[PDB]
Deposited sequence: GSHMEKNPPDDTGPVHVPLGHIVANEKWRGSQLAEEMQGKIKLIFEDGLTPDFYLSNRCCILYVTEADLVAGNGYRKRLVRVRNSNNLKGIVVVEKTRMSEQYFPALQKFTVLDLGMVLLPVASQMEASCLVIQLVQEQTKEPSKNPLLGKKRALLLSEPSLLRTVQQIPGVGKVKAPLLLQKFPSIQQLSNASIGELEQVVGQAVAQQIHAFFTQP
């Protein structure tokens, strides 16, 4: 389906719905018949809207989720009406949708809530993925060296001055360790690195 930027393609059955009317006062809706999903947010990303009556009716809604899931060129987002009436049927739907099919699931209480949430999704979809806030080792090396038995804040920097990487420190003989620490601590360090 062709979805121009800043537009939502909606299934014709949504015409005159509160959902469509609330969206149409914020973003351009294009209506199209013969569509499996309820809305397309982009060419490849679509919405499958599961009503309170679908959820209470049984598992018939699953057939469509499977049909979209098995589409190579499409990513389905499931938006479900989770209300006082439907909520007992929600847990089995979430298991199937998210844990079985691996599809995104979003509950809403109402078409009014869905409208805000769908706009948020278009807004997310439209920005540069780099504006998604989710999309020097020396102080750490000191702390790592401090985990070696016998080695505190004073011996750690002395050890790293002479054996400058973990690998090199790991390979040091007792004789070489004895250039930096005493025999007891040289023995602790070496045992720490080499014991099974």
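K.L.:
Could you list the ranges of the deposited sequence that have no C-alpha atoms in the model?
P.N.:
Those parts of the chain that were deposited but carry no coordinates are 1 to 14, 150 to 156.
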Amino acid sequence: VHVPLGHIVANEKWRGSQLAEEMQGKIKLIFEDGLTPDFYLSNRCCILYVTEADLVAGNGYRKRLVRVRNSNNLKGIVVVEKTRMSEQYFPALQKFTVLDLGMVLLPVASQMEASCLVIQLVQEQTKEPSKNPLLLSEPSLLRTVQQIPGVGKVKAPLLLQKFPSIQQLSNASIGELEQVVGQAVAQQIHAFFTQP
From here on, numbers count along this sequence of modelled residues.
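K.L.:
Once you work out the mean C-alpha B-factor for both 65 to 73 and 46 to 54 from the entry, which is higher?
P.N.:
Mean C-alpha B-factor is greater for 65 to 73.
K.L.:
With reference to the PDB entry, specify whether the mean Cα temperature factor is higher for 143 to 151 or for 123 to 131.
P.N.:
Higher of the two, by average CA B-factor, is 123 to 131.
K.L.:
Select lowest, middle or highest to describe the third in which the CA B-factor of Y40 falls within its chain in this entry.
P.N.:
Middle third - that is where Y40 ends up once the chain's C-alpha B-factors are sorted.
K.L.:
Is the Cα B-factor recorded for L159 in the lowest, middle or highest third of its chain?
P.N.:
CA B-factor rank for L159: lowest third.
K.L.:
Sorting the chain's CA B-factors, does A191 end up in the lowest, middle or highest third?
P.N.:
Its C-alpha B-factor belongs to the middle third of this chain's values.
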